[PDB]
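Visitor: My questions all concern the structure below.
Numbers and lists here come from the model and the stated rules, or from a named source; none is laboratory data. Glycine also receives a Cβ, built like all others from the backbone with ideal geometry; neighbour counts cover every protein chain displayed.
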There are 2 protein chains.
Amino acid sequence: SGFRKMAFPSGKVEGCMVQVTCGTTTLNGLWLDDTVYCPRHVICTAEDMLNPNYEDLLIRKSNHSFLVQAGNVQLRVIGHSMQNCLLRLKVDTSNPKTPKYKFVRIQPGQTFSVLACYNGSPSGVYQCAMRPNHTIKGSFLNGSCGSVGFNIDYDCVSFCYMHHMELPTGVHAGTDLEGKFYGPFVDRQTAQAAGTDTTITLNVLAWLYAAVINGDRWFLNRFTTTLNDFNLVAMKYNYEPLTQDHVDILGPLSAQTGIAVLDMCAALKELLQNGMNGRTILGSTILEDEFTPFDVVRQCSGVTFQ
Amino acid sequence: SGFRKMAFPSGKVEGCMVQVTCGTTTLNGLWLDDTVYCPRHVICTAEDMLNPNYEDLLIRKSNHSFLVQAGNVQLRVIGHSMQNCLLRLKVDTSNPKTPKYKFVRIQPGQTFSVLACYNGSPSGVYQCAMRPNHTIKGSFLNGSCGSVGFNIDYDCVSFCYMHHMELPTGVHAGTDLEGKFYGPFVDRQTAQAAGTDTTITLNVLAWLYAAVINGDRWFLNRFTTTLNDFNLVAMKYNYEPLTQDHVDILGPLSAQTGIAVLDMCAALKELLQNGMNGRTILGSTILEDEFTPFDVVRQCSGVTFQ
Ligand SMILES: *[C@@H](CC(=O)OCC)[C@H](C[C@@H]1CCNC1=O)NC(=O)[C@H](Cc1ccccc1)NC(=O)[C@H](COC(C)(C)C)NC(=O)OCc1ccccc1
Ligand SMILES: *[C@@H](CC(=O)OCC)[C@H](C[C@@H]1CCNC1=O)NC(=O)[C@H](Cc1ccccc1)NC(=O)[C@H](COC(C)(C)C)NC(=O)OCc1ccccc1
């Protein structure tokens, strides 16, 4: 029993974190086989973070412009190239701790673990959702750039995020490991703001199923709803519209609990309209939207506490 | 910016997790140097979990009664002994991945990271506080026994918890790494219940400081309180009494924000009496009590957003 925001074990990722220095700028890099990946803003001049031309900045660099440190060991850079908003540095040594890995671009509403890092040294690990507005609600300080997000399946690490910047609202923006930003953001310190965010409906429903699996039914009701009638309410409360695909994704959780998806939607409709009446769900006074259906299945028992 | 429940990176601990089997019972063990530590209830007969006499059960075992698996490698047991509620198994191989480590008994209100494990395989990592009633609000399923809790300072792992049991309320009980239970619990399936819990006042105050450091002041007020007058209110709302030692611990956070501890106590008094008026603090609609002053200092900027 219990239900916690749970990150993946971070060991396979810790073995890949290095420090990258260009001029007086230091940030984190990710070392896989003979390549080190890092945010390309490491090459920005101290004087110009507003209008960098990265092609013009990079052509002025040699391999020995870049210093790469893995623990106390210096890695010699033997090649470099830009890929979108990252740099790919070739080094003289393949990382002996390289795990089985893939690069994946995650989708809005999906979750991942973040390994917060400073000066190539891992400091903490926590779970994040990719928000509908393509930001994450992370926890990052100066020095955290190049920290990575990932998921693990069996023994394969799926890297999905590298950290680049903080927006005015205190939320975070970054790229996949091909260097393409999540959302409309750009790596320059020109004024940018996160779009309006939305509550991840699918995740709220998954979490209500988690609550039932774990033994709590207080918030259910005798009613049902149509998908379209639910969506009228969803719009009012700034929830994402529910789709048939989302209904199908919830099949396994529905089956384990014996609660039809549209019946759980009716329960959710009532919670939105009436509130929770001073009660909690899985220890929460609010409706949680950062657990996916996959996350619920991973963490909860396969046997419902009936 | 941001504020998240953040666990320590788990790699140093993952390298120590093994599987221990006696008869048909399998659980997790912790492998450090040439010793494997695990819950002694691994030796319980399938028929008797109510009244085991562990001395009588253990004397009936040989070294080869115990099977220890590290990944796909079998570790030969060459000695065994009971220490309180754990078994200490001596094995033929010292763990080459043994980190610098200490065993520490943590105190109520303090936090640690839990590495949830099944069949010797780490599955997830999350942060827990030791509750005043000596339980933790974990997330554990069948097979999780022997999962460990820890903190990390510099490169030293301070192990503080090994998991043994779940109580009727869905909360968790276990031992330190000397095998002594936290709280009045015993490792037998005789009826037991967690004592009434209390809110960790020191942590709530630390978290209010975190909110100020990160830029939010909405909940402050023009008032102060005496320690004793605060405690009258604390009793009413089931908060731990605040002591001068707790006031002294909050010195550094008070200094960084320019908010005197008793002034923050007045702010907290008002929040208890009046509620939060539909507002949130660090994204929370309630008062969070699972971040210590140390946790706040670890995670927040050393510069207040004034
Ligand atoms: C990682 C690098 C670093 O630490 O540099 C030293 C400050 C850092 C990660 C953030 C630090 C605190 N929390 C974080 O998540 N990233 C940066 O500082 C970004 C650096 C950069 C990006 C692109 C080109 C060149 C440099 N910059 C930002 O995150 C910046 C905010 O700066 C700080 C110092 C306040 C964090 N964000 C930004 O410029 O957003 C666009 C914007 C929005 C509104 C007004 C102006 C600009
Ligand atoms: C770890 C071992 C395991 O998985 O065994 C197979 C079930 C497991 C961890 C819990 C599983 C689910 N969540 C957990 O945190 N621990 C146990 O199952 C404990 C085993 C044990 C303890 C002491 C002597 C011998 C065996 N037992 C319990 O946690 C038990 C609850 O059992 C389950 C199966 C429902 C989890 N708790 C208990 O007996 O508490 C005392 C009590 C309270 C009220 C009425 C009767 C007894």
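Visitor: Give segment A:180-193 a look and list any residue that's touching a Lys or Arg at 6+ places or on another chain (Cβ under 8 Å) and within 13 Å of ligand 1 (Cβ to nearest atom), or say none.
Guide: A:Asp187
Visitor: Moving on to the next point. What number of residues within segment B:119-138 are out of contact with any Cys (no Cβ under 8 Å at 6 or more places or on another chain) and under 20 Å from B:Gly11 (Cα atoms)?
Guide: Here the count works out to 9.
Visitor: Okay, next question. For segment B:189-237, enumerate the residues that are in a helix (DSSP H, G or I), of a type outside the set (A, V, I, L, M) and within 14 Å of chain A (Cβ to nearest Cβ).
Guide: Residue satisfying the conditions is B:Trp207 alone.
Visitor: Hey, another quick one. So if I check each of B:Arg217, B:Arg279, which one is in contact (Cβ under 8 Å) with a residue 60 or more places away in the chain and away from ligand 1 (no atom under 16 Å from the Cβ)?
Guide: B:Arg279
Visitor: Of all residues being in contact with a strand residue (DSSP E or B) (Cβ under 9 Å, 6 or more places away or on another chain) and more than 14 Å from chain B (Cβ to nearest Cβ) in segment A:112-134, which is nearest to A:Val18 (Cα to Cα)? Just the residue, please.
Guide: Once the filter is applied, the top-ranked residue is A:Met130.
Visitor: Within 16 Å of ligand 1 (Cβ to nearest atom), assigned to a loop (DSSP other than H, G, I, E, B) and either in the same structural domain as B:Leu250 (by CATH) or crowded, with 21+ Cβ neighbours inside 10 Å (or both), is that true of B:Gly146?
Guide: Criteria not met by B:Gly146.
Visitor: Which ones in segment B:1-53 are of a type outside the set (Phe, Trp, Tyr), away from every other protein chain (no Cβ under 14 Å) and more than 16 Å from ligand 2 (Cβ to nearest atom)?
Guide: Taking segment B:1-53 and keeping what is of a type outside the set (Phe, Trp, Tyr), we get B:1-2, B:4-7, B:9-30, B:32-36, B:38-53.
After this cut, where a residue has to be away from every other protein chain (no Cβ under 14 Å) as well, the list is B:18-27, B:29-30, B:32-36, B:38-53.
Hits for segment B:1-53 are B:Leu32, B:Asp33, B:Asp34, B:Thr35, B:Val36.
Visitor: Turning to a different aspect of this structure: With respect to B:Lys90, determine if the residue is assigned to a strand (DSSP E or B), basic (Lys, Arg), away from every other protein chain (no Cβ under 14 Å) and more than 26 Å from the chain's Cα centre (by Cα).
Guide: Criteria met by B:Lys90.
Visitor: Please pick out the residue among A:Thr24, A:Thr45, A:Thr93 that is away from ligand 1 (no atom under 16 Å from the Cβ), of a type in the set (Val, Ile, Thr) and not assigned by CATH to the domain that holds A:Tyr161.
Guide: Criteria check complete, one pass: A:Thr93.
Visitor: Condition first: over 15 Å from the mean Cα position of the chain (by Cα) and either within 13 Å of ligand 2 (Cβ to nearest atom) or farther than 24 Å from B:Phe291 by Cβ (or both). Now tell me which residues in segment B:145-175 satisfy that.
Guide: Within segment B:145-175, B:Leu167, B:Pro168, B:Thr169, B:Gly170 qualify.
Visitor: Sort through B:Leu50, B:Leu67 and tell me the only one that's touching a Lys or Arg at 6+ places or on another chain (Cβ under 7 Å) and outside the structural domain of B:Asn119 (by CATH).
Guide: None of the other options fit; the residue is B:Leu50.
Visitor: Moving on. Residues B:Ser65, B:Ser10: which one is in contact with a strand residue (DSSP E or B) (Cβ under 9 Å, 6 or more places away or on another chain) and in contact (Cβ under 8 Å) with a residue 60 or more places away in the chain?
Guide: After ruling out the rest, the residue left standing is B:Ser10.
Visitor: Follow-up question, since we're still on this one. When you check A:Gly109 against the structure, is it away from every other protein chain (no Cβ under 12 Å), crowded, with 17+ Cβ neighbours inside 10 Å and more than 30 Å from A:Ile78 (Cβ to Cβ), yes or no?
Guide: The answer is yes for A:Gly109.
Visitor: Just to be sure, is A:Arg131 crowded, with 21+ Cβ neighbours inside 10 Å, among the basic types (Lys, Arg), closer than 30 Å to B:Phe3 by Cβ and not assigned by CATH to the domain that holds A:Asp289?
Guide: yes
Visitor: Has segment A:52-68 got at least one residue that is within 14 Å of ligand 1 (Cβ to nearest atom) and within 27 Å of A:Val114 (Cβ to Cβ)?
Guide: Looking for residues that are within 14 Å of ligand 1 (Cβ to nearest atom) and within 27 Å of A:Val114 (Cβ to Cβ), one finds at least one in segment A:52-68, hence yes.
Visitor: Also, I was wondering about something else. Among B:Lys180, B:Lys90, B:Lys97, B:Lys102, which is within 16 Å of ligand 2 (Cβ to nearest atom), touching a residue at least 24 places away in the same chain (Cβ under 8 Å) and among the charged types (D, E, K, R)?
Guide: One residue alone meets the criteria, B:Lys180.
Visitor: Go through segment A:248-301 and tell me which helices (runs of 4 or more DSSP H), entirely inside it, have 2 or more residues that are more than 30 Å from B:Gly143 (Cα to Cα).
Guide: Counting at least 2 such residues, we get A:261-274.
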